[PDB]
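Next up, structure tokens for two forms of one chain, structure 1 and then structure 2.
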Structure 1
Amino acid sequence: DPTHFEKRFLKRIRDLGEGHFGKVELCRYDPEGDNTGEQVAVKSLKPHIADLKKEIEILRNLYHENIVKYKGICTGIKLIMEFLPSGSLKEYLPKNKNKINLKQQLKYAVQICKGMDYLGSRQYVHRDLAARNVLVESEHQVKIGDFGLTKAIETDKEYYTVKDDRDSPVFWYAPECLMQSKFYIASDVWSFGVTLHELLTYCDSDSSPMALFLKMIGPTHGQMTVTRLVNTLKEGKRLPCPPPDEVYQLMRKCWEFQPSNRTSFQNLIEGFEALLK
């Protein structure tokens, strides 16, 4: 079985990044023991097993040019994927401003929309769409690189109701996710709009969605922060345009209060393609 990786041949090189419960490391799968084997990205849980198994099964069945490739498993379980040395958009964009212009940013935007549209056609909701979860294949190509919070939508139903909201990226969340823990495909569209703002600002820390929303609502509300966030959104207030009128209009359509007034990923692709011709 080419999808079964033996523990004794999986050699750790360095850490790549980590979340609260999971981590990704650069390993070499070296059965010949001479450091000639291929380099792979390995996702493991820190010393949630049920959630990782579900996550592995989802990725095993996704095949798209803008989705990170599943390679296999190491059985306790570890997820084995292809290694992208340029890393996440969050770390790549600040170091490569001179290489990446607005035209390339809009191509990245189309690519994220295509990968997301494919996911949504398989009845899944991502729930964690941000620049930190987008990998750089090359200066011409990006891939959605993580599915840690991904959930299947019930048949003859349009949303998944979340029970555990403890590690939620609240500054990327739509009003319905904040008020009722209801995740629709339209909720993923809202998060894309915030990811697009990150992309246009080159993932600058001082201009991050969290930095900007805290300046809008005040940073001393503590436990009332999410309530204040809900209030500002209810008023019609949104993240400002980075220091491109037509791109900002597609972004504002991602941020329509009611999920029904929001566009679809297919509609956004048409929008970006019209601007690239």
Structure 2
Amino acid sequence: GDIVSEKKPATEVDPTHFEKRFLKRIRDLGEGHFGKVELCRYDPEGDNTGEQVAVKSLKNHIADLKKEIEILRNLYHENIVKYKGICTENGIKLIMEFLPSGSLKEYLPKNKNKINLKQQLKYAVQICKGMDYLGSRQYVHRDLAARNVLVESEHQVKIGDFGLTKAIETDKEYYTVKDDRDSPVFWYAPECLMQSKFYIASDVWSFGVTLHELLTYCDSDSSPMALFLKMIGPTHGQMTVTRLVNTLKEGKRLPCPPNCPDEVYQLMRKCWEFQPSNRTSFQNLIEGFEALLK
């Protein structure tokens, strides 16, 4: 008889599946731990009219990127960056919505005239809401910093990278850190630096530092790293972290940002109690800021 062929079934289109051949690289948006994010135009018509997207690719760690994809795919919150889809090659890429204003680290220095204290406190509430949503799903972020917070508009921010995000086991209080060589130490709580234990309260400490960055408009000369290095000394090399732990044990903290009212600084100080159990919660911070806003 004639040569046989397979009956072709109805070919359905998945809007979350992005073809590699149409993902056209524009520029880098940031280097993460296992991956890197690039601005791409997904252009299936090949005429430079396609939608712009943020694409996360591996820089070995495919299992970690797959885990980050599955976390983000299932988060639905207005202050959390939107998952758009994937690009499958065993390799995989994470496709997200692109926010042209970029991160608060890039946005704030260029927009000081436009952003007053009231707008800074609204961003602080939005970061707390996104973080509380994450905590309620039993996740620890581990990388909350202004460079990871994106600007949706002048009125809206979104948490924008989940490269270090880990699930806390049910009925347990923290995640035990193994990979720590590239830890953002100047945003880390003492229990993270001393025992490699990450709690939801550890994310609250990182929020306090993120709030300090927002209030200083992310100026590089007032950055948490620049300020802590001036306090402890910048020539300690491998001894930097123990000197940082010793300074924190002594009760020393980042100073009140210029023009920051004491009532805002007092909420910031509640994020920095030495013991995780004595720290404020994200829900208590939302109430505190809302009271200062109205």
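Residue numbering: structure 1 sequence, from 1. We call the rigid core the largest set of C-alpha positions that still match within 1.5 Å between the two forms.
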{"property": "Residue 19 C-alpha relocation of at least 2 Å between structures 1 and 2, rigid core basis", "result": "yes"}
{"property": "Distance the CA of residue 85 travels between structures 1 and 2 [rigid core superposed, Å]", "result": "0.3"}
{"property": "Rigid core fit between structures 1 and 2: Cα deviation of residue 34 in angstrom", "result": "2.3"}
